[PDB]
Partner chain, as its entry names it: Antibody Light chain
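Take a look at this one chain, the form solved without the partner chain, written out in structure tokens.
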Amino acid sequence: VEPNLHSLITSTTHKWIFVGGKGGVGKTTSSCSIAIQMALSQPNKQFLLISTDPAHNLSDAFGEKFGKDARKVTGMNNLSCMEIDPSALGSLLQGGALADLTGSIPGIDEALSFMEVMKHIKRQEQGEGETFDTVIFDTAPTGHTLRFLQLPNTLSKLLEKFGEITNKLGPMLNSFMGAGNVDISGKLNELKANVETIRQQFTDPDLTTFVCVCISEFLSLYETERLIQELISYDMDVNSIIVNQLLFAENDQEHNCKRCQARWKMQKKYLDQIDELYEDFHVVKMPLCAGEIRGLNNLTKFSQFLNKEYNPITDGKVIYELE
């Protein structure tokens, strides 16, 4: 199992790529980098990179204004970006009943949010986009955004418990508690149907994968291990971890600084834990750069190391020149 994302970058079967990682972990740089690498490597296919971050992280990363309308990133004719706010008559009753459910039932809020992002995609495609071959999902930093994948099971198990209890005695008691009951069954069952359809593609490892992003630090390893467990319970394919902010301190010409040297001793300790824990994962080890990486130019030079492993002995020049 190669310490790179080369097989993903050149894959012609994947249409849905999720990228995620909590805690200032280089996630958005990684999303941008994966999108660039795939677009450069497959110039015949059209790629979309989409974010739901209210901070407009893609606009910040590329240095240009992105929005709800898909726009090509300047310098590419192959990659487009979107930034959408997914948070943004009987329908008022239908919505109010459904709003009450988002707070108490896990997966409903996430389903409605993701259904909205999918609506934005197909709208951009029909209105001369014209069709994206693969979508890179830059996942939100907060929340468990793929939780909707457990919803079809959650709410069918709830319907059976509903079916067991209601059939006790009635219809005296049934009509009393069900008085003024807004049905919302048709709106709920179509949501279940929409998820089950999405699940068919998202649980297919040839069509969909999740790339985890982390740093070589105790709490980030902890967060990564739980992220992977969450994704396994969704039956979502995960075999890629990007480890960012690595110092490779023993290498740099202009050595010294013990603070940095001690920090890399600790990073190396958790790297050995990652190597041992994730033996059959693509664990791609990415160098720290001075500042954050912004602009198409710096993003492509840095992104290359997702495809062919960074070698601190030879590639140091490239990094200390992005700086």
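Think of the rigid core as the biggest set of C-alphas that the two forms share within 1.5 Å after superposition. Positions refer to the first chain, counted from 1.
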Checklist entry - Core fit done; bigger CA RMS in 4 other deposited structures of this protein for 289-297 or for 276-284? => result 289-297
Checklist outcome for this item: In terms of RMS C-alpha distance in 4 other deposited structures of this protein following rigid core superposition, 76-84 and 150-158 differ, and the farther one is 150-158
Checklist entry - Of the other entries that cover residues on both sides, do at least a third skip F114? => result no
Checklist entry - Do a third or more of the other compared PDB entries fail to give coordinates for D69? => result no
Checklist entry - Residues with no coordinates between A88 and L89 in the deposited sequence, how many: none, 1 to 3, 4 to 9, or 10 or more? => result 10 or more
Checklist entry - Looking at the deposited entry, does 49-57 or 253-261 carry the larger mean Cα B-factor? => result 253-261
Checklist outcome for this item: Comparing mean C-alpha B factor in the record for 234-242 and 169-177, the higher one is 169-177
Checklist entry - Considering only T224, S216, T209, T131, which residue's Cα atom bears the greatest B-factor as recorded? => result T131
Next on the checklist: Taking only the Cα B-factors deposited for this chain, tell me whether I319 sits in the lowest, middle or highest third.
Outcome noted: highest
Item to check | Assigned third (lowest, middle, highest) for the C-alpha B factor of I136 | outcome: lowest
Checklist outcome for this item: Here the Cα B-factor of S113, set against its chain, lands in the third termed middle
Item to check | Chain third (lowest, middle, highest) by recorded CA B-factor, residue given as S220 | outcome: lowest
Checklist outcome for this item: Binned into thirds over the chain's modelled residues, the C-alpha B-factor of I36 lands in the lowest
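Another form exists, solved in complex with the partner chain; not displayed. Remarks below refer to it.
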Next on the checklist: So, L277 and the partner chain: in the deposited bound form, are they within 4.5 Å at any heavy atom pair?
Outcome noted: yes
Next on the checklist: Within 4.5 Å, heavy atoms only: does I228 come near the partner chain in the deposited bound form?
Outcome noted: yes
Checklist entry - Is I232 a contact residue for the partner chain in the deposited bound form, using a 4.5 Å heavy atom cut-off? => result yes
